[PDB]
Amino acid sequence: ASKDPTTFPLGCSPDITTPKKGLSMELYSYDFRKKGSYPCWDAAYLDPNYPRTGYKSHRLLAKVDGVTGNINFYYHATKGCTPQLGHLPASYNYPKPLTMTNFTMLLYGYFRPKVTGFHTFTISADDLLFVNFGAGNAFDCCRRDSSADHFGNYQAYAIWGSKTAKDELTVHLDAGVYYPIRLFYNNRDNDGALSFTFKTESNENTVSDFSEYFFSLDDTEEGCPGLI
């Protein structure tokens, strides 16, 4: 598993144990700066090591399993520079309020395609969504705990305030293979939004519901490298 982003990512072949539905999620706090700061929001989220080590210094809010379905959301704040409560969609399996104006979220697991061929994932975010995809690039097959912090350059990323807060990733995938995926999200202030969808060459359907696509696999002693 090379770490570089590629159009032909490497996947994984789990053994006997049934993959579990959904991704894992970790939620962390992301404070504003002190009252009166200009701007009110902290730019820590754009430190190059924020998605790797920096987020870990912040308060851990939750770690949940089973995140699947439609993971898209749009949180409307009533004003900026203010921590405001909200809720993630039911898909996130987290039924507590959080400061939806200002938080960090990590999702990881595997993407299992239904078709063999080119997939184009489209992402957008307010404020930030960084995507790694493929063995090595995201993490190693059934060896996530050992490789989790060694993800490579992003396959796709979106940052609000850029020319477009939108990006795409086009990758050729094999049906029924399990591809490591890592989604890293932040809201710095005010509204928050995440959109993650895809299309394939097989038809003109847009997938927004990942119920049959996102899975979690236990790490194993020997890992589970792609056998196809």
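Throughout, we count residues from 1 along the sequence that is shown.
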The stretch carrying the higher mean Cα B factor in the deposited entry, 180 to 188 or 196 to 204, is 196 to 204
Of 156 to 164 vs 62 to 70, the stretch with the larger average CA B-factor in the entry is 156 to 164
Note to self: of 116, 120, 124, 147, the C-alpha temperature factor tops out at 147
Of the three thirds of the chain ranked by Cα temperature factor, residue 76 occupies the middle
Assert third(CA B-factor, residue 139) within chain per record equals middle
In terms of its chain's C-alpha B-factors, the third that includes residue 83 is the middle
Temperature factor at the Cα of residue 32, chain-ranked in thirds, falls in the middle
Quick tally, chain-level thirds of C-alpha B-factors: residue 90 sits in the highest
